[PDB]
Structures are given as structure tokens and as C-alpha cells.
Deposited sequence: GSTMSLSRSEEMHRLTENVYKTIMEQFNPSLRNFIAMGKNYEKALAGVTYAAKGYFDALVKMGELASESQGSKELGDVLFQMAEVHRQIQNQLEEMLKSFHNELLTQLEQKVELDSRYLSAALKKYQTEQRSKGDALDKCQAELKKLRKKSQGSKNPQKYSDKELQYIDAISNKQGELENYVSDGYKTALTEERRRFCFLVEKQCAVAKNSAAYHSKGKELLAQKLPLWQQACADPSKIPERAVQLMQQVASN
């Protein structure tokens, strides 16, 4: 009986993966794509900024008395080129390592989950049917206490085997469904951890490049008196 409760729970996990998880995953992939289209816009415009800033650098470089401000501006653009390319690194961790691999799994998963649920439903119904029918055969013999005929005991053995088989099937089927769910969330968490490690390397790079060059830049226009 708790068997039937478990059977419905199992059906519900497959339905939850197919109608909630995978569509939400489709949406997450679409946001990721938008995000990367945006991030490309910002990389590009960062370019035009830092070229316009090297232009001002070239002008100072050619003057009397502001040459080292020319150097400062060159270095600010350079620091940004180094920071940017630690960002373009995090960016491809995003495309090849996250968006592509999610798209690849979710594509195959439609067929895979429709087939698994269906195979499970068929097997569970076929074991249920065979059990009910053994039980009916027995109820027939038994209708027309501590006494069993040879054939009654054979039916008893068979019902006991099929009932054990059915309960194990439903028990394992439930564990397997919960494991299918956890795998899909684990993979998602893993792909996010990998982009994260690259965000950490990008932010660490920026801190140390700036920590290096900023105090010299702040000194360039200080009172020398």
C-alpha cells in the first residue's frame, strides 16, 4: 500500500524534471545567452574607451612638461587590457564550458526522460497485473486455515515472490528518480562553480594590478612643495 504512495511520488519526480526543471533550464540558457551578448557589448565599448584614453596619452607624450602624465595614461590603458583579458577568460568559461554543455544535455534529456518514465510505468503495471492475477487464482482455490493443499502453497510462494519483486521495483524506482533529479542539479552547480573559479581569478588579477599601479598614479599630480 505505502508502495502505491511511493509509486505516485516517483511519477511525480519524472513529471517535475520534464515540466519544471528542463523548461526552467531552457530559460536559464536563454538568459545566459543574453548575458553573454551584453558582456560582448561591454568588452567592445571598453575598447573604444581605452583607445580614446591612449589618444590623450599620445598628446601628453608630445608636450613639454606633461610627458610623464602621458606615461600614466598609457599604463591605465595597459592595466585595463590585462584586466579585460582575464575577463575574456571568464567569458569563455561561460560559453564553451557552461552554455554549450547545458544545451547539449537538455537536448538529449527530453527523449531520455520520456523513455525512462515510460519504461518504469510499463514494468510497474506489468508486475502489478501479474501479482493481482496470482492472488485471484489463489482466492479461487481457497474459496472453493492452517491447512494448505500442494497447489495452494505453490501460489503462496509465487505471490510472495512477485510481491517482493514489485516492492523492490518501486523502492529502487523511487531512489533512481530522486538520483536523476540530484544529478541534474549537481551538474548545474558544477558548471556554475567552474565559471566562479574564473571570476575569482579575474577579480584577483584586477586587485593586484591596481594595487601595484594605483599609488604611482595618485602621485603624478601631487604638490612637490
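- According to the record, C-alpha coordinates are lacking for deposited residues 1 to 6, 151 to 156, 238 to 253.
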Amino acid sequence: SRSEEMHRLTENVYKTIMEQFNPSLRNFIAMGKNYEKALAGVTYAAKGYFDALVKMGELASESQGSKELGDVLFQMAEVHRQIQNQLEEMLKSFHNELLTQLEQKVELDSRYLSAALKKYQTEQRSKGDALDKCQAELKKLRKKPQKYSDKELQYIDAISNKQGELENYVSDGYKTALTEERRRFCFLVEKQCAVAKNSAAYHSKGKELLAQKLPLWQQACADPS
From here on, numbers count along this sequence of modelled residues.
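- Of the two stretches examined, 22 to 30 and 46 to 54, the record assigns the greater average C-alpha temperature factor to 46 to 54.
- For the segment pair 178 to 186 and 157 to 165, the entry gives 157 to 165 the higher mean B-factor, averaged over Cα atoms.
- Taking the PDB entry at face value, the top CA B factor among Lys127, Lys143, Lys151, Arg111 belongs to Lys143.
- Among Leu102, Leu117, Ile83, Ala77, the highest C-alpha B-factor recorded in the PDB entry belongs to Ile83.
- Ranked within its chain, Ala60 lands in the lowest third, by CA B factor from the PDB record.
- In the PDB entry, a CA B factor belonging to the highest third of its chain's modelled residues is recorded for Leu91.
- The entry lists a Cα temperature factor for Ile17 that places it in the lowest third of the chain's modelled residues.
- Placement of the Cα temperature factor of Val72 within the chain: lowest third of the modelled residues, per the deposited record.
- In this PDB entry, the Cα temperature factor of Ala40 sits in the top third of its chain's modelled residues, the highest group.
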